[PDB]
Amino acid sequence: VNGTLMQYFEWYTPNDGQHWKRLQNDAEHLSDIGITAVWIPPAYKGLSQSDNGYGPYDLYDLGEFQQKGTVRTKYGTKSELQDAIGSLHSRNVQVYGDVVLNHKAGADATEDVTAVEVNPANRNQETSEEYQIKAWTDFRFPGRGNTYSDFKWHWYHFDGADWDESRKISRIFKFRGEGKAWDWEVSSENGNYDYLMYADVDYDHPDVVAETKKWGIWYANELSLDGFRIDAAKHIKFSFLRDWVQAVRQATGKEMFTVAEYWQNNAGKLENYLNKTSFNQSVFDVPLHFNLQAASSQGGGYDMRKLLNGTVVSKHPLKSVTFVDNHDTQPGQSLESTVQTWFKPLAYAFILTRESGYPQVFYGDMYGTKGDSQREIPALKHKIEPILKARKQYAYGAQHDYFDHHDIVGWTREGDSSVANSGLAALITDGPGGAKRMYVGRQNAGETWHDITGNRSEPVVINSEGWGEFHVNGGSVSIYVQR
């Protein structure tokens, strides 16, 4: 069966402590529609109860210790999470955990540290003389004590921070100490993009490297995870990420599929990341997200023949995770660049019914977003579910592409004799509707095919040579399959 990932959260999920129970209750539904793996949000204790998990305080607290004024995380308790994972696994759905290793947030106390300021546009350049600051770097875990790990964090485990508690000023501070320097290799944007936010972990420090590998193995084992989503990969030493993934795989004996978030609209830089990590993990296809967004926002003027230009999926199809939108590109968020609603079903047909890429469905697109703008994403599950059914049951076999018009483009799948009645013909258009003659395979000659989306009511008959004349409405999608 075709694999399909689902990101199971949106930025504005409520702080009601019931998210793990929601997931548990949705397991049957997710398996029924064709989801084969779920990416869950960071499940460890953040600097406050309402943190989404990207300001992680204690990686060993999965919602069971009294820290930061709460036992549960935003999403629920550890036992609730283990019950959700149990329900998914009983329905043959895998679970990938989000891993936030670039920084730590919410230190228990400050420490005195010697530091220099650096140029925000070129972090290799020092711009001040050294001086003393008070940085938030002492992590003691008073609610956990030494349960699971007795490692405590201090300033010397970090490379820098962006807040001095003594003068109350925000600058990028690089710490002074033995062999201190920004890590390499990382993105060369801003000269060196190791520093992002909070207290930056030093992956040159051998105890830190060793402890982080130990945590990785503990986390995969405690929750029985099947893979990972690596946060902020452009900001973490590439050879460390390569080796950390290898160490967890070696210790568990599992495949541990891994996808890294390397946020850059440039395939060449993404290819460098793949090379530097020995092709041992996939990346999200950022360039394809931006091509889909561009097509959705040009009112029909985009040249649809160019949708695959510059994308990771056109060059490295087995190492790409394709997506339409996520918790950062949704309205009001940090990487806001939402695919407009009218085009969203066409974008989902493009990533779910083509042979290359491992597609991701976004929670926010299925169930709607609950942010406070006048442009939230509406719930589109009724439009996406028929496309997921097309992937689950019909998108198999040889593919033929028809990117030969500036508005109307399409592709077909001949089907596979081992999946009964498989085969499909998809057409999308960013402009007026029309038709296209496409080949679906002589083995499907004389069959009656119909649009599974319900957008067109007229069925199409495949001629004796394996060709059909397919139609599509304006600004729409049609996916024809065996009636």
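All residue numbers are counted from 1 along the displayed sequence.
Determine, for stretches 350 to 358 and 306 to 314, which one has the higher mean CA B-factor as deposited. Mean B over CA atoms: larger for 306 to 314.
Entry-level comparison of average CA B-factors, 203 to 211 and 389 to 397, reporting the higher stretch: Going by the record's values, the stretch with the higher mean is 389 to 397.
Of the choices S282, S170, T412, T114, which one's C-alpha carries the largest B-factor in the record? The listed residue with the largest C-alpha B-factor is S170.
I'd like to know which of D416, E64, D51, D451 has the highest C-alpha temperature factor in the PDB entry. Among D416, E64, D51, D451, the PDB entry lists the largest C-alpha B-factor for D416.
Compared with the other modelled residues in the chain, in which third is the CA B-factor of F403? As the PDB entry reports it, the C-alpha B-factor of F403 lands in the highest third of its chain.
Thinking about Cα B factors across the chain, which third does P345 belong to? Ranked within chain, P345 CA B lands in the middle tercile.
Ranked against its chain, the third holding the CA B-factor of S476: It belongs to the middle third of the chain when residues are ordered by C-alpha B-factor.
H289's Cα B-factor: lowest, middle or highest third of the chain? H289: CA B-factor falls in the lowest third of its chain.
Relative to the other modelled residues of the same chain, rank the CA B-factor of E189 and answer lowest, middle or highest third. Middle third.
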